[PDB]
Amino acid sequence: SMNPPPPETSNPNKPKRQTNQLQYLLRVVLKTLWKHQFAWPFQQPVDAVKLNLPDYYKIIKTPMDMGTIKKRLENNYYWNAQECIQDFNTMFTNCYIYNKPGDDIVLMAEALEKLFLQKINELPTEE
Ligand SMILES: Cc1cc(-c2cc(CS(C)(=O)=O)cnc2Oc2ccc(F)cc2F)n2cc[nH]c(=O)c12
């Protein structure tokens, strides 16, 4: 029932980096997913109390959401782009585990996941 604390977006002891790939993930990949018509449920941690989903955090043990990912990109929380990509893949996998196929939320996540994959199919490089 209770909402756990949301995932950290800053850690003074974690080594940070900004790469061109990470800057792209923020400016292009995240901000394009953000504006999609299906993005709104994924823009903040799932509020199990508001939604009356006391089982949500009983089943989902590594929560993740694009709002968290956004703040992590903006705080250069990540070391490389694959760390970020893994937060996206965790967010989608969470949705498919907790829900069932055909659910409206699942249809939303599948659409987002395909757009996301289009956008990271080609990332930039550094010289
Ligand atoms: C990942 C995620 C996000 C949400 C969700 C989040 C918010 C925003 S907040 C501040 O209240 O948490 C509102 N409604 C939601 O549920 C929906 C339920 C039907 C639907 F068609 C569209 C939804 F967005 N849910 C709900 C159930 N399962 C999930 O995996 C899930």
# chains A, B, ... in the order shown; residues from 1 in each chain; ligands from 1

call {"tool": "select_by_dssp", "arguments": {"residues": "chain A", "states": "helix (DSSP H, G or I)", "output": "number ranges by chain"}}
result
A: 20-35, 40-42, 48-51, 56-59, 66-74, 81-98, 104-120

call {"tool": "residues_near_ligand", "arguments": {"ligand": "ligand 1", "cutoff": "7 Å", "atoms": "only C-alpha atoms and all ligand atoms", "output": "ChimeraX atom specification"}}
result
/A:40-42,44-48,50-51,94-95,98-99,104-105

call {"tool": "closest_residue", "arguments": {"among": "A:2, A:115, A:106, A:22", "to": "residue 36 in chain A", "atoms": "only C-alpha atoms"}}
result
A:115

call {"tool": "residues_around", "arguments": {"residues": "range 57-65 of chain A", "least_positions_apart": "4", "cutoff": "12 Å", "atoms": "only C-alpha atoms", "output": "PyMOL selection string"}}
result
chain A and resi 1-9+30+33-34+39-49+52-53+69-72+84-99+109

call {"tool": "atom_distance", "arguments": {"atom1": "CA of residue 108 in chain A", "atom2": "CA of residue 74 in chain A"}}
result
25.0 Å

call {"tool": "closest_residue", "arguments": {"among": "A:82, A:118, A:125, A:75", "to": "residue 12 in chain A", "atoms": "only C-alpha atoms"}}
result
A:75

call {"tool": "closest_residue", "arguments": {"among": "A:55, A:25, A:13, A:38", "to": "residue 73 in chain A", "atoms": "only C-alpha atoms"}}
result
A:25

call {"tool": "closest_residue", "arguments": {"among": "A:114, A:31, A:119, A:16", "to": "residue 80 in chain A", "atoms": "only C-alpha atoms"}}
result
A:16
